[PDB]
Number of protein chains: 2
Amino acid sequence: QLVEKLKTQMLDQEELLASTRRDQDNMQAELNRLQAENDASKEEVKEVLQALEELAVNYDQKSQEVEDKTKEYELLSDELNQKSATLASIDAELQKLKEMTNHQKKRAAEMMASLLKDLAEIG
Amino acid sequence: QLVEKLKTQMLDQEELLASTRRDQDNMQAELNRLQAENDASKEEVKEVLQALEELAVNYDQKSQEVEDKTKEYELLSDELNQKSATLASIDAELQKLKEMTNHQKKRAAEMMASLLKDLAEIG
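Residues numbered from 1 in each chain as written, not as in the entry; some residues may be left out. Chains lettered and ligands numbered in written order. Heavy atoms only, no water.

If you check the header, you'll see the entry was determined by X-ray crystallography and the resolution is listed as 3.451 Å.

Encoded structure:
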C-alpha cells in the first residue's frame, strides 16, 4: 500500500532526468545547426571578399582604359580640327583656281572679239 | 577652206575650258564630301569624349561602392568569427550542464541503492 506511492516518486524523478537529457541533446541539436550556419556564413563571406578584391582590380583596370581612350580621342579631335584648317585652305585653293580658269576664257573672249572686231573693219 | 581650220582651233580651246570647269566643280564636289565627313567625325568624337567622361564618373562611383562593401563584410567576418567564440562557449556550457545532470542521476542511483541495500539487511 505504501510501496506504490514510493515507487511512483522514483518514477517521476526518473522521467524528470529523462526530460533534461532530451533537452540537452535537443539544445545541442540546434547548437550544431547554428554552428553549421555560422561556419557556412564564413565560407560565403570569404567568397564575397575574394570577389570584391577581384572587382577592385577589375574596375581599376577599366578606369585606366578610359583615360587611355580619352587620350586617344583628345589627340584625334585636335587632328580633325587641323583637318578643317587644311580642307578650308583647299577650298580657298580651288576658288583661286576658278579665278584663274575664268580669266583664261575671259582672255579667250577678247582674242576672239578683237579678231572679230578687226575683221569687221576690213569690210 | 581656211575658216573651218580656224573655227576648230577655238572649238578645241572651247571644250578645254569646259573640261576644267567640270573638274573644278567635280573637285569641289568631293571637297564638300570631305568637309562633310570631317565635320561628321567631330560630332562623333565629341560624343565619345562626352561618353567617356560619363564613364569615368561611372566607374569611380562604383569603385567607391566596392570599398564600401568590402568594409561592410570585413566588419561581418570579424563579427561571425566572434560568433564562433560564443557558440563554442555555449557548447562548453552544455557539456558542463550534461555533467550536472549525470551527477544528479548518479546521486539518484545511490539513494535508490543505499535504500535498496538497507532493506536487504532488514531481511
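A.B. asks: Got a minute to help me understand a nonpolar patch on the surface in this structure?
C.D. replies: On the surface, A:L6, B:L115 and B:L119 cluster together into a nonpolar patch covering about 250 Å² of accessible area. Examined against the element boundaries, B:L115 turns out to sit in helix α1 (residues 3–122). For B:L115, a relative accessible area of 33% gives the class partly exposed. (Patch = residues over 30% accessible without salt bridge, like charges linked within 9 Å, V, L, I, M, F, W, Y side chains within 5 Å. Areas by Shrake-Rupley, 256 points an atom, 1.4 Å probe, with all protein chains shown as cover. Salt bridge = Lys/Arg side-chain N within 4 Å of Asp/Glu carboxyl O. Helix = DSSP H or I, 4+ residues; strand = E, 2+ residues; numbered from the N terminus. Buried < 20%, exposed > 50% of the residue type's maximum accessible area, 1.4 Å probe, protein only.)

A.B. asks: Would you mind going over the packing of helix α1 (residues 3–122) of chain A against α1(B) with me for this structure?
C.D. replies: Direction vectors running N to C along α1(A) and α1(B) enclose 170°, while the axes themselves pass 2 Å from each other. On the basis of their axis angle, the class for α1(A) and α1(B) is roughly antiparallel. Looking at the contact of α1(A) with α1(B) residue by residue, the class counts come to 44 nonpolar, 30 polar and 24 charged. (Axes fitted to C-alpha atoms, helices over the stretch in contact; angles between N-to-C directions. Parallel < 35°, antiparallel > 145°, perpendicular 65-115°, else oblique. Nonpolar A, V, L, I, M, F, W, Y, C, P; charged D, E, K, R; others polar.)

A.B. asks: In this structure, what is going on with the interface of chain B and chain A? I would like to understand it.
C.D. replies: How big an interface is tends to be stated in terms of accessible area lost as the parts join. With 49 residues of chain B in contact, the opposing surface of chain A contributes 49 residues. Counting the surface lost from both chain B and chain A, the interface buries some 4300 Å², and carbon and sulfur atoms represent 66% of this. Residue A:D25 is joined to B:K98 by a salt bridge in which the shortest nitrogen-to-oxygen separation is 3.3 Å. Joining chain B to chain A, the criterion identifies 18 residue pairs in polar contact. Looking at the side of chain B that touches chain A residue by residue, the classes come out as 22 nonpolar, 15 polar and twelve charged. (Contact = heavy atoms within 4.5 Å. Buried area = accessible area lost by both parts, 1.4 Å probe. Polar contact = N/O pair within 3.5 Å; in protein donor to acceptor, adjacent residues only side chain to side chain.)

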